[PDB]
Every structure is written in structure tokens, then in C-alpha cells.
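Heads up, query.cif below (mmCIF, C-alpha atoms):
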```
data_input
#
loop_
_atom_site.label_atom_id
_atom_site.label_comp_id
_atom_site.auth_asym_id
_atom_site.auth_seq_id
_atom_site.Cartn_x
_atom_site.Cartn_y
_atom_site.Cartn_z
CA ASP A 774 0.00 0.00 0.00
CA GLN A 775 2.34 2.79 1.39
CA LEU A 776 4.72 2.21 -1.61
CA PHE A 777 1.87 1.52 -4.13
CA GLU A 778 0.42 4.90 -2.84
CA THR A 779 3.71 6.93 -3.28
CA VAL A 780 4.11 5.46 -6.85
CA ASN A 781 0.53 6.49 -7.88
CA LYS A 782 0.65 9.93 -6.04
CA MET A 783 3.79 10.69 -8.20
CA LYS A 784 2.37 9.16 -11.47
CA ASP A 785 -0.95 11.05 -10.81
CA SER A 786 1.07 14.35 -10.62
CA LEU A 787 2.86 13.64 -14.00
CA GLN A 788 -0.41 12.73 -15.90
CA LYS A 789 -2.10 15.88 -14.36
CA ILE A 790 0.94 18.00 -15.55
CA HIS A 791 0.69 16.54 -19.13
CA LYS A 792 -3.14 17.19 -19.03
CA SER A 793 -2.54 20.79 -17.69
CA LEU A 794 0.11 21.37 -20.47
CA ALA A 795 -2.35 20.26 -23.25
CA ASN A 796 -5.24 22.35 -21.73
CA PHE A 797 -3.40 25.78 -21.65
CA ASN A 798 -2.08 25.84 -25.31
CA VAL A 799 -5.63 25.91 -26.99
CA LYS A 800 -5.27 28.46 -29.93
CA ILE A 801 -2.98 31.48 -29.05
CA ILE A 802 -4.81 33.75 -31.65
CA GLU A 803 -8.44 33.67 -32.93
CA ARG A 804 -9.67 35.56 -36.07
CA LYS A 805 -13.09 37.38 -36.04
CA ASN A 806 -14.97 36.71 -39.35
CA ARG A 807 -14.15 39.84 -41.50
CA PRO A 808 -11.14 42.26 -41.41
CA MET A 809 -10.71 45.14 -38.86
CA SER A 810 -7.25 46.88 -38.60
CA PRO A 811 -3.66 46.54 -37.21
CA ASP A 812 -4.31 48.49 -33.93
CA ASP A 813 -7.92 47.09 -33.74
CA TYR A 814 -6.50 43.46 -33.83
CA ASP A 815 -3.91 44.60 -31.18
CA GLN A 816 -6.88 45.98 -29.09
CA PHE A 817 -9.06 42.81 -29.69
CA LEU A 818 -6.27 40.22 -29.00
CA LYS A 819 -4.96 42.12 -25.86
CA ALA A 820 -8.21 40.98 -24.06
CA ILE A 821 -7.70 37.31 -25.26
CA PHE A 822 -3.87 37.32 -24.55
CA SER A 823 -4.55 38.56 -20.94
CA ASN A 824 -7.14 35.70 -20.44
CA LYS A 825 -4.90 33.03 -22.18
CA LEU A 826 -1.72 34.12 -20.22
CA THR A 827 -3.61 33.87 -16.83
CA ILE A 828 -5.02 30.35 -17.71
CA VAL A 829 -1.32 29.26 -18.26
CA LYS A 830 -0.24 30.74 -14.85
CA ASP A 831 -3.28 29.13 -13.04
CA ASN A 832 -2.33 25.78 -14.75
CA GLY A 833 1.35 26.53 -13.84
CA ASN A 834 0.33 27.20 -10.17
CA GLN A 835 -1.47 23.76 -10.04
CA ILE A 836 1.59 21.94 -11.61
CA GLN A 837 3.94 23.67 -9.07
CA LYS A 838 1.60 22.61 -6.16
CA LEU A 839 1.45 19.00 -7.61
CA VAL A 840 5.34 18.75 -7.42
CA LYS A 841 5.26 19.44 -3.60
CA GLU A 842 2.56 16.65 -3.24
CA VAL A 843 5.20 14.20 -4.74
CA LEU A 844 7.69 15.09 -1.90
CA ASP A 845 4.89 14.72 0.76
CA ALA A 846 4.06 11.41 -1.08
CA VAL A 847 7.59 9.86 -1.47
CA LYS A 848 8.95 11.42 1.81
CA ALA A 849 12.54 11.99 0.48
CA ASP A 850 14.97 14.91 1.23
CA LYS A 851 15.41 17.82 -1.29
CA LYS A 852 19.23 17.56 -0.60
CA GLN A 853 19.49 13.85 -1.75
CA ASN A 854 20.80 13.45 -5.38
CA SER A 855 17.81 11.22 -6.38
CA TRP A 856 14.98 13.82 -5.83
CA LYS A 857 17.11 16.55 -7.55
CA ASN A 858 17.49 14.18 -10.60
CA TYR A 859 13.65 13.84 -10.83
CA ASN A 860 13.05 17.60 -9.99
CA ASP A 861 15.00 18.32 -13.26
CA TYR A 862 13.15 15.51 -15.18
CA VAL A 863 9.72 17.14 -14.31
CA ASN A 864 10.82 20.68 -15.46
CA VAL A 865 12.00 19.19 -18.85
CA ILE A 866 8.48 17.74 -19.48
CA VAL A 867 7.11 21.29 -18.67
CA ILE A 868 9.85 22.74 -21.01
CA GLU A 869 9.01 20.29 -23.89
CA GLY A 870 5.23 20.80 -23.23
CA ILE A 871 5.81 24.62 -23.34
CA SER A 872 7.85 24.07 -26.57
CA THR A 873 4.86 22.21 -28.19
CA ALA A 874 2.25 24.64 -26.69
CA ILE A 875 4.28 27.60 -28.15
CA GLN A 876 4.81 25.77 -31.51
CA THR A 877 1.07 24.78 -31.99
CA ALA A 878 -0.02 28.51 -31.94
CA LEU A 879 3.02 29.64 -34.08
CA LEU A 880 1.86 26.99 -36.66
CA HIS A 881 -1.76 28.40 -36.30
CA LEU A 882 -0.26 31.81 -37.37
CA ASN A 883 1.76 30.04 -40.15
CA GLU A 884 -1.54 28.67 -41.70
CA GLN A 885 -3.28 32.14 -41.56
CA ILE A 886 -0.09 34.10 -42.61
CA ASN A 887 1.41 31.91 -45.47
CA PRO A 888 0.02 32.92 -48.92
CA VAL A 889 -0.27 29.36 -50.44
CA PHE A 890 -2.85 28.15 -47.78
CA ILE A 891 -5.04 31.38 -47.69
CA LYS A 892 -5.13 31.32 -51.57
CA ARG A 893 -6.27 27.63 -51.84
CA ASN A 894 -9.07 28.30 -49.24
CA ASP A 895 -11.68 31.16 -49.57
CA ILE A 896 -10.17 32.76 -46.36
CA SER A 897 -10.47 36.62 -46.27
CA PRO A 898 -7.62 39.10 -45.59
CA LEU A 899 -6.86 39.71 -41.84
CA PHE A 900 -4.83 43.02 -41.32
CA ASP A 901 -5.89 46.45 -42.73
CA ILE A 902 -3.47 48.94 -44.45
CA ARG A 903 -4.27 52.69 -44.68
CA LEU A 904 -2.44 54.50 -47.58
CA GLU A 905 -1.86 58.33 -47.37
CA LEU A 906 -0.18 60.27 -50.27
CA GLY A 907 3.25 61.75 -49.26
CA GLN A 908 5.48 64.14 -51.31
CA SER A 909 8.83 62.59 -50.10
CA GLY A 910 7.47 58.98 -50.46
CA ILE A 911 4.38 56.67 -50.20
CA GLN A 912 3.08 56.64 -46.55
CA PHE A 913 1.29 53.60 -44.95
CA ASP A 914 0.23 53.24 -41.24
CA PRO A 915 2.15 49.89 -41.30
CA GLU A 916 4.83 51.50 -43.64
CA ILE A 917 5.16 47.91 -45.17
CA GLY A 918 8.50 47.44 -43.31
CA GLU A 919 10.25 46.42 -40.02
CA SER A 920 10.56 50.17 -39.10
CA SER A 921 11.27 49.67 -35.31
CA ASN A 922 9.31 53.01 -34.96
CA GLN A 923 5.51 53.80 -34.65
CA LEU A 924 3.13 50.82 -35.50
CA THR A 925 3.86 48.30 -38.38
CA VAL A 926 2.43 44.83 -39.42
CA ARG A 927 5.90 43.34 -38.56
CA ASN A 928 6.23 45.26 -35.21
CA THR A 929 2.64 44.07 -34.27
CA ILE A 930 3.42 40.43 -35.38
CA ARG A 931 6.74 40.92 -33.44
CA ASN A 932 4.66 41.91 -30.32
CA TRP A 933 2.34 38.89 -31.08
CA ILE A 934 5.33 36.43 -31.50
CA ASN A 935 6.69 37.79 -28.13
CA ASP A 936 3.37 37.12 -26.22
CA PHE A 937 4.03 33.29 -26.62
CA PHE A 938 7.67 33.56 -25.35
CA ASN A 939 6.17 35.65 -22.44
CA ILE A 940 4.46 32.28 -21.44
CA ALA A 941 7.96 31.22 -20.13
CA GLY A 942 7.72 33.84 -17.30
CA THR A 943 4.27 32.71 -15.92
CA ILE A 944 5.73 29.29 -14.76
CA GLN A 945 8.69 30.96 -12.90
CA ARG A 946 10.84 27.70 -12.95
CA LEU A 947 10.48 24.36 -11.04
CA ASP A 948 14.03 24.14 -9.47
CA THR A 949 17.24 26.02 -8.33
CA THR A 950 16.34 29.81 -8.05
CA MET A 951 12.78 31.31 -7.77
CA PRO A 952 13.36 34.30 -10.18
CA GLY A 953 14.55 32.10 -13.15
CA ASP A 954 12.93 32.17 -16.66
CA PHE A 955 12.50 29.44 -19.37
CA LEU A 956 12.67 31.94 -22.35
CA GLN A 957 16.38 30.98 -22.93
CA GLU A 958 15.64 27.19 -23.20
CA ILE A 959 12.52 27.72 -25.45
CA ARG A 960 14.74 29.76 -27.92
CA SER A 961 17.44 26.98 -28.13
CA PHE A 962 14.81 24.31 -29.16
CA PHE A 963 15.34 23.63 -32.91
CA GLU A 964 11.62 22.82 -33.60
CA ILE A 965 10.55 26.42 -32.56
CA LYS A 966 13.40 28.15 -34.54
CA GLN A 967 12.14 26.44 -37.77
CA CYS A 968 8.49 27.52 -37.01
CA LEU A 969 9.73 31.11 -36.22
CA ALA A 970 11.97 31.17 -39.39
CA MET A 971 8.99 29.92 -41.53
CA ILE A 972 6.78 32.88 -40.30
CA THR A 973 9.52 35.46 -41.26
CA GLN A 974 10.00 33.89 -44.77
CA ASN A 975 6.20 34.28 -45.42
CA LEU A 976 6.40 37.98 -44.20
CA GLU A 977 9.21 38.72 -46.77
CA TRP A 978 7.18 37.05 -49.63
CA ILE A 979 4.11 39.40 -49.28
CA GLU A 980 6.39 42.52 -48.90
CA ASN A 981 8.10 41.88 -52.31
CA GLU A 982 4.78 41.22 -54.20
CA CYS A 983 3.26 44.25 -52.28
CA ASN A 984 6.36 46.31 -53.39
CA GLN A 985 5.50 45.18 -57.01
CA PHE A 986 1.72 45.90 -56.44
CA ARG A 987 2.36 49.47 -55.07
CA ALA A 988 5.09 50.17 -57.76
CA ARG A 989 2.34 49.89 -60.50
CA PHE A 990 0.64 53.13 -59.23
CA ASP A 991 4.00 54.80 -58.23
CA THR A 992 5.50 54.67 -61.81
CA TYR A 993 3.54 57.65 -63.33
CA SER A 994 1.51 59.00 -60.31
CA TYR A 995 5.38 59.96 -56.45
CA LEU A 996 7.05 61.79 -59.45
CA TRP A 997 4.24 64.43 -59.89
CA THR A 998 4.04 65.16 -56.08
CA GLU A 999 7.90 65.60 -56.11
CA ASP A 1000 7.85 68.10 -59.07
CA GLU A 1001 6.99 71.80 -58.27
CA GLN A 1002 4.71 74.36 -60.09
CA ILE A 1003 7.78 76.51 -61.14
CA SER A 1004 9.43 73.36 -62.70
CA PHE A 1005 6.02 72.73 -64.45
CA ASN A 1006 6.23 76.40 -65.70
CA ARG A 1007 9.91 75.88 -66.85
CA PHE A 1008 8.89 72.62 -68.71
CA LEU A 1009 5.99 74.45 -70.52
CA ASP A 1010 7.98 77.63 -71.53
#
```
The structure in this file should be written as C-alpha cells.
Amino acid sequence: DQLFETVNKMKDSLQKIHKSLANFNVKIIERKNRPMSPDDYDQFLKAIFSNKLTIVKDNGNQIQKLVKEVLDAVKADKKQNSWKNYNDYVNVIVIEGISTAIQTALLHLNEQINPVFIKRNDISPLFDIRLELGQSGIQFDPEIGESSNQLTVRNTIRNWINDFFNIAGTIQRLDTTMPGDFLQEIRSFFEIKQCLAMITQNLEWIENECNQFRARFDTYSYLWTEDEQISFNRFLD
């Protein structure tokens, strides 16, 4: 019994962890029928990110409490090399689980973001772009670039991408120091790199064909806003 109990109490904790890890990943982003806007999607998804991030922490709080119930079960010292060995083994399952949970949603972006899937299906656009006429160049709210300034489709998708790495913090580590993060380990995993690198490739595809799409109008139309009235007078007579 006593042994059979300690075995199960431990096993029970691991299965519950696995179940908790599956339950929190769900679908990082959801898309609402028709298009809205870059800032409007940022506003919409902020409410869902806040709810999704908390559900991970709550699940993380349970998992952390379930680890203590394995010590109370087994009745073994934290100092002894055995329980340390396992204490690392448990965190790795949470690491791998986090890796998969982060990947699943990054793949859910990859389906919505990659042009060859959205084309084959009758799936609508998703972001909005405003276009204002500028004398010194063509002005877009998203600028159609990385920028690193104001608000851009990349800088928003950058802030989105981040929100899944931010999931590392909510767990706050299962061993050694209390203030530790997992963000380092999640970014060494090869599986996630590939998923992250696939998203960026798809972002550089659209930009080039959008640079060809915009160019069409630019050809005859940029030139006239650059030229002055006096130059127009000089050209005439």
C-alpha cells in the first residue's frame, strides 16, 4: 500500500501535468470573421492574450503545487541526489510541453499568414493597411517594413510572437532559483526556430509582391508630387 500509494501519487502528478500542459495551449490567436485593422487586432487580441496568459499561470500554479505533493508522497529529502534528478526531469516535461504549446499557436499563425494556404481556401484578408499620399514617399500606417518606430504589421506580429515567449515567465521555474525564466531554453529548441523562421520567410514574400503591387501606381503618379509648379512652368515655356 504505502509504496503503491507513493508510486501512484507521483504518477498522478505527471499525468495531471501533461493534461494541464495540453489544456493551456488551446489556440494562441483567434480571427473574427471579417477584417478590422492593425491596432484594432492589437486591441481585440490584448483581451484574449490577458485571459490566455492567466489560464497558463493558473495551470502553472497547479503543476507547481502537484510537485510538492510528490515530496509529501515519497517522503525523500530535497538535498538527496535522487529527488534533484527527478526535480530536473519534471521541469524538462514542462519545457518540452511549453515548446509544443508555443509551436502549436506559431503553426496556427503560419496557416493564416502563409500565402499558399489562404489562396487555396476562400479565407479573407486579416490586417488592414491605410495608404496616405506623401510628397517625399508613399506613406502607410504599417509603412510595409520592419521600421522599429511607430506601429507596423511586422512590429505588431513581433509583439504577437513575443506574447508566446512571455508564457515562459508565468511558470517561474520548477528548481534552483525562484526568479529564473525558461525563455532561454525555449529559444534553443530547434523545432521552434524552424516555425519562427517559416513565419519570417512568409512575411518577406508578401512585402516583395506588395512592393511590385504598389510600384504599378508609383510609376507615373510619387514623381508628380515631387515636381513643383515653377518646374512645371519651366517645362511648358
Just checking: using only C-alpha atoms, which residue out of A:975, A:782, A:866, A:811 ends up closest to residue 914 (chain A)?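 Under the stated criterion, the closest residue is A:811.
Around the point (3.1, 65.9, -48.6), within 12 Å and counting only C-alpha atoms, we find these residues: residues 905, 906, 907, 908, 909, 910, 911, 912, 995, 997, 998, 999, 1000 and 1001 of chain A.
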Would you write out those residues with C-alpha atoms, as a JSON list (two decimals), in the frame of the given file?
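What follows is the written file out11.json:
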```
[["chain", "number", "residue", "atom", "x", "y", "z"],
["A", 905, "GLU", "CA", -1.86, 58.33, -47.37],
["A", 906, "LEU", "CA", -0.18, 60.27, -50.27],
["A", 907, "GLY", "CA", 3.25, 61.75, -49.26],
["A", 908, "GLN", "CA", 5.48, 64.14, -51.31],
["A", 909, "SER", "CA", 8.83, 62.59, -50.10],
["A", 910, "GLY", "CA", 7.47, 58.98, -50.46],
["A", 911, "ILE", "CA", 4.38, 56.67, -50.20],
["A", 912, "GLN", "CA", 3.08, 56.64, -46.55],
["A", 995, "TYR", "CA", 5.38, 59.96, -56.45],
["A", 997, "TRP", "CA", 4.24, 64.43, -59.89],
["A", 998, "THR", "CA", 4.04, 65.16, -56.08],
["A", 999, "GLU", "CA", 7.90, 65.60, -56.11],
["A", 1000, "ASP", "CA", 7.85, 68.10, -59.07],
["A", 1001, "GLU", "CA", 6.99, 71.80, -58.27]]
```
Expected selection from the PyMOL selection byres ((chain A and resi 923-938) around 8), given as a list in words: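 That selection, the PyMOL selection byres ((chain A and resi 923-938) around 8), comes back as residues 801, 811, 812, 815, 822, 875, 879, 900, 914, 915, 916, 917, 918, 919, 920, 921, 922, 939, 940, 941, 956, 959 and 976 of chain A.
Here CA of residue 843 (chain A) is placed at a distance of 7.2 Å from CA of residue 786 (chain A).
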I need the residue nearest residue 846 (chain A) from this list: A:988, A:780, A:774, A:1009. Use only C-alpha atoms for the distance.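 Looking only at the distances to residue 846 (chain A), the closest residue turns out to be A:780.
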Check the smallest atom-to-atom distance from each of A:972, A:799, A:794, A:776 to residue 884 (chain A) using all atoms listed in the file, then report the winner. A:972
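With all atoms listed in the file as the atoms that count, the residue of A:832, A:1004, A:984, A:775 with the shortest distance to residue 789 (chain A) is A:832.
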Residues picked by the PyMOL selection byres ((chain A and resi 865) around 12) here, as a list in words? residues 787, 790, 791, 858, 859, 860, 861, 862, 863, 864, 866, 867, 868, 869, 870, 871, 872, 946, 947, 948, 955, 958, 959 and 962 of chain A
Do you have the CA of residue 833 (chain A)-CA of residue 845 (chain A) distance handy? 19.1 Å
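The space separating CA of residue 839 (chain A) from CA of residue 795 (chain A) comes to 16.1 Å.
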Extending 4 Å beyond the listed atoms of region 789-792 of chain A on each side, what axis-aligned box results? I want centre and edge lengths in Å to one decimal, as AutoDock Vina command-line options.
```
--center_x -1.1 --center_y 16.9 --center_z -16.7 --size_x 12.1 --size_y 10.1 --size_z 12.8
```
Using all atoms listed in the file: which of A:973, A:1006, A:827, A:981 has the shortest distance to residue 882 (chain A):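 Among A:973, A:1006, A:827, A:981, it is A:973 that comes nearest to residue 882 (chain A).
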Need to verify the contact set: residue 968 (chain A), 7 Å, only C-alpha atoms, exclusion of same-chain residues closer than 3 positions in sequence. Can you return it as a ChimeraX atom specification? /A:876,879-880,964-965,971-972
Give me the residues near residue 806 (chain A) as a PDB file with C-alpha atoms, in the frame of the given file, where near means some atom within 12 Å (using all atoms listed in the file) and where sequence neighbours in that chain fewer than 3 positions away do not count.
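Output file result24.pdb follows:
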```pdb
ATOM      1  CA  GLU A 803      -8.440  33.670 -32.930  1.00  0.00           C
ATOM      2  CA  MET A 809     -10.710  45.140 -38.860  1.00  0.00           C
ATOM      3  CA  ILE A 896     -10.170  32.760 -46.360  1.00  0.00           C
ATOM      4  CA  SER A 897     -10.470  36.620 -46.270  1.00  0.00           C
ATOM      5  CA  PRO A 898      -7.620  39.100 -45.590  1.00  0.00           C
ATOM      6  CA  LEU A 899      -6.860  39.710 -41.840  1.00  0.00           C
TER       7      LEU A 899
END
```
Any chance you could build region 935-952 of chain A out to N, CA and C atoms and write it as a PDB file, in the frame of the given file?
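Printed below is selection_25.pdb as written:
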```pdb
ATOM      1  N   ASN A 935       6.233  37.563 -29.532  1.00  0.00           N
ATOM      2  CA  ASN A 935       6.690  37.790 -28.130  1.00  0.00           C
ATOM      3  C   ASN A 935       5.708  37.149 -27.145  1.00  0.00           C
ATOM      4  N   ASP A 936       4.418  37.499 -27.217  1.00  0.00           N
ATOM      5  CA  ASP A 936       3.370  37.120 -26.220  1.00  0.00           C
ATOM      6  C   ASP A 936       3.402  35.612 -25.902  1.00  0.00           C
ATOM      7  N   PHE A 937       3.957  34.769 -26.785  1.00  0.00           N
ATOM      8  CA  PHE A 937       4.030  33.290 -26.620  1.00  0.00           C
ATOM      9  C   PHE A 937       5.319  32.914 -25.880  1.00  0.00           C
ATOM     10  N   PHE A 938       6.395  33.666 -26.106  1.00  0.00           N
ATOM     11  CA  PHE A 938       7.670  33.560 -25.350  1.00  0.00           C
ATOM     12  C   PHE A 938       7.440  34.064 -23.915  1.00  0.00           C
ATOM     13  N   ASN A 939       6.576  35.075 -23.748  1.00  0.00           N
ATOM     14  CA  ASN A 939       6.170  35.650 -22.440  1.00  0.00           C
ATOM     15  C   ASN A 939       5.553  34.557 -21.547  1.00  0.00           C
ATOM     16  N   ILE A 940       5.046  33.466 -22.146  1.00  0.00           N
ATOM     17  CA  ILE A 940       4.460  32.280 -21.440  1.00  0.00           C
ATOM     18  C   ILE A 940       5.527  31.622 -20.556  1.00  0.00           C
ATOM     19  N   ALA A 941       6.806  31.701 -20.934  1.00  0.00           N
ATOM     20  CA  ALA A 941       7.960  31.220 -20.130  1.00  0.00           C
ATOM     21  C   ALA A 941       7.910  31.783 -18.706  1.00  0.00           C
ATOM     22  N   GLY A 942       7.706  33.098 -18.580  1.00  0.00           N
ATOM     23  CA  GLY A 942       7.720  33.840 -17.300  1.00  0.00           C
ATOM     24  C   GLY A 942       6.689  33.328 -16.305  1.00  0.00           C
ATOM     25  N   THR A 943       5.460  33.047 -16.762  1.00  0.00           N
ATOM     26  CA  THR A 943       4.270  32.710 -15.920  1.00  0.00           C
ATOM     27  C   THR A 943       4.565  31.490 -15.029  1.00  0.00           C
ATOM     28  N   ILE A 944       5.390  30.544 -15.496  1.00  0.00           N
ATOM     29  CA  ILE A 944       5.730  29.290 -14.760  1.00  0.00           C
ATOM     30  C   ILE A 944       6.713  29.606 -13.629  1.00  0.00           C
ATOM     31  N   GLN A 945       7.733  30.422 -13.910  1.00  0.00           N
ATOM     32  CA  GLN A 945       8.690  30.960 -12.900  1.00  0.00           C
ATOM     33  C   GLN A 945       9.555  29.810 -12.341  1.00  0.00           C
ATOM     34  N   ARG A 946       9.852  28.801 -13.173  1.00  0.00           N
ATOM     35  CA  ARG A 946      10.840  27.700 -12.950  1.00  0.00           C
ATOM     36  C   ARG A 946      10.396  26.755 -11.826  1.00  0.00           C
ATOM     37  N   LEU A 947      10.883  25.509 -11.903  1.00  0.00           N
ATOM     38  CA  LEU A 947      10.480  24.360 -11.040  1.00  0.00           C
ATOM     39  C   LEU A 947      11.658  23.878 -10.185  1.00  0.00           C
ATOM     40  N   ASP A 948      12.799  24.576 -10.194  1.00  0.00           N
ATOM     41  CA  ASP A 948      14.030  24.140  -9.470  1.00  0.00           C
ATOM     42  C   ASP A 948      15.060  25.272  -9.405  1.00  0.00           C
ATOM     43  N   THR A 949      16.059  25.122  -8.524  1.00  0.00           N
ATOM     44  CA  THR A 949      17.240  26.020  -8.330  1.00  0.00           C
ATOM     45  C   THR A 949      16.775  27.354  -7.718  1.00  0.00           C
ATOM     46  N   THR A 950      16.730  28.443  -8.504  1.00  0.00           N
ATOM     47  CA  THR A 950      16.340  29.810  -8.050  1.00  0.00           C
ATOM     48  C   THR A 950      14.865  30.054  -8.382  1.00  0.00           C
ATOM     49  N   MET A 951      14.190  30.869  -7.565  1.00  0.00           N
ATOM     50  CA  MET A 951      12.780  31.310  -7.770  1.00  0.00           C
ATOM     51  C   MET A 951      12.675  32.266  -8.964  1.00  0.00           C
ATOM     52  N   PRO A 952      13.537  33.307  -9.118  1.00  0.00           N
ATOM     53  CA  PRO A 952      13.360  34.300 -10.180  1.00  0.00           C
ATOM     54  C   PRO A 952      13.745  33.893 -11.614  1.00  0.00           C
TER      55      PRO A 952
END
```
